[PDB]
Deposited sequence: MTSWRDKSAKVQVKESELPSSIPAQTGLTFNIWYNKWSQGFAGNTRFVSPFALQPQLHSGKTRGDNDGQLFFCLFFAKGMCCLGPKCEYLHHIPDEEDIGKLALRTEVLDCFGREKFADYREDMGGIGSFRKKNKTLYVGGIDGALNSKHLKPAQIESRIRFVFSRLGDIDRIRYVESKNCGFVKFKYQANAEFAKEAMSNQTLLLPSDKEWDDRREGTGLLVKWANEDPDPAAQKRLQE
């Protein structure tokens, strides 16, 4: 259990671009967009960092300091603080979500303004696009592709239903809880769908990262 270990450091500070911003801060998007644009290709970059929930999740100072919000850098595999982090480093669970419900209805699980409030039904469904590209056009059949989407998303929260739609090169992932959809959107954006066992793994950065958006 994540409760029985310290959160792992995911990256060294020196691997990240300077002027590291606060996750809820004024400049986060300027900084992150600049980061993204530094990568080659015209299509969405494939992030060199990734959350590995089992390996990475653990206690942080946030767990002991009354923190209710989750670490955005953690979700993206790029928190350099590990157990020093004042935000949470685990996958949101029912208990966390209950506490968040009492605390706010305008902020997401990361402490940012909710998407719905700047453009009653809580949206818990994500559109996942660019699947073929995130596999470097590997020849997989639908059963295999579905298994991969299910695997990576199910480790980010309780899944209500998942659908892979071959004709549209996309998937739809509906979570039981909005908090997990919020978390998973940040975790999976720009990710590869390749696995270490794939012949293509070493060349994963030549793909195009997953497109993950709120579904209609």
Deposited residues without C-alpha coordinates, grouped into stretches that follow sequence order: 1 to 2, 122 to 130, 228 to 240
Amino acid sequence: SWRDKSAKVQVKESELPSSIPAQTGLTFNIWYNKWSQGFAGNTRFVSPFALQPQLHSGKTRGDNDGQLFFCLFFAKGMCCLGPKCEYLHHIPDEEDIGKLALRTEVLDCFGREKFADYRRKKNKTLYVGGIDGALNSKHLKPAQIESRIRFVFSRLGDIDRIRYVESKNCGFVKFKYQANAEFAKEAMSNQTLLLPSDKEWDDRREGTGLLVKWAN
From here on, numbers count along this sequence of modelled residues.
Between 167 to 175 and 46 to 54 (mean CA B-factor, as deposited), the higher: 167 to 175
Higher-B stretch (mean Cα B-factor, as the entry records it), 140 to 148 or 71 to 79: 140 to 148
Selection by C-alpha B-factor (highest) of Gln10, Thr24, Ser197, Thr192: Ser197
Among modelled residues of the same chain, the CA temperature factor third for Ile162: highest
Where the record places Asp63 (Cα B-factor, split into thirds across the chain): middle
Record-listed C-alpha B factor of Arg120: chain third: highest
CA B-factor ranking of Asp132, expressed as a third of its chain: highest
Relative C-alpha B-factor of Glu95, binned into the chain's lowest, middle or highest third: highest
